[PDB]
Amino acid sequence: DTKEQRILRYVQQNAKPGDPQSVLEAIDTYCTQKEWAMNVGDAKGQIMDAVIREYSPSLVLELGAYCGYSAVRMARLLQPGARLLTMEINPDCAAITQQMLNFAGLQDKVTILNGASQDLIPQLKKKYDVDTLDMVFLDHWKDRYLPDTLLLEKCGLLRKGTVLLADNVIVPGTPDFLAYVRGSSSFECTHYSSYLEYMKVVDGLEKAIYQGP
C-alpha cells in the first residue's frame, strides 16, 4: 500500500464524483494533514489557474502527472474541445492519475502517455495528432526540464507564443533550465513567487524525567 494509493482512496471516499474542485480540495486536505506529497498545491495552483485562464490554450502538454493533481487543475479550466496530454514514466502513477481524472469526470479531455518524456516527445505529432503546443507544464524530474525543452524545440512542437510554465524553479530548483531560458533571446520570462506545497511541518519536544536506576 503506497502513499499515492492512499491519496486516491481518500479522494474516492470523501470527494464528490464529477466535481474537480472537490477532488483538488480532498487531495490538499490529505497532504496538508496526513502525508506530504509533491503535488503543486493550492498556492501555486491559483497561479496556474490565472495563467491558464489568460491564455486559454487549446492543446496543453504536461510533463509529470504524479497523482493527477495538476492534470485535474488544468483540465477543469479547458474550453470545450481543448486537450491535455500528460506524460508519466511510472505505470503506477499513470494508473492513479487516470482514476483521479475519471473520478473528477475529466477523462474525455485528458490523454495519459506512458513512458519517459524524451521517448514520447518525438512521437507526439504522428501518434497523437499534434501540430504545435499552446502550453507546456513542466513538473517532472528537475534535471529533465532543460533537455526536454531542447527536444520540444528540435521536434518542432513550439511556436511563437507557446507558453512554458515550470514548477519548482526555486525549490528544489532547476538551475540549468532557469539560466538557459532567462539568458536566451528565444524566451521571454516572468517569475511568479509563491510557496512550496504543504510545509506546516510538525515536530515536537520530548521531556523525559529520570526516575533513578
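Note that residue numbering begins at 1 and tracks the sequence as displayed.
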item: Higher-B stretch (mean Cα B-factor, as the entry records it), 3-11 or 204-212; value: 3-11
item: Mean Cα B-factor comparison, 189-197 or 12-20, giving the higher one as deposited; value: 12-20
item: Top Cα B factor in the deposited entry, candidates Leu59, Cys31, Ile47, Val181; value: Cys31
item: Options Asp148, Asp167, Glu35, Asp176 - largest CA temperature factor per the record; value: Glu35
item: Within-chain third of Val51 by Cα B-factor, per the entry; value: middle
item: Chain-wide C-alpha B factor ranking for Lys142, given as lowest, middle or highest third; value: lowest
item: Cα B factor band for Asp134 (lowest, middle or highest third within the chain); value: lowest
item: Entry-reported Cα temperature factor of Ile89, expressed as the chain third it lands in; value: highest
item: Chain-wide C-alpha B factor ranking for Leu63, given as lowest, middle or highest third; value: lowest
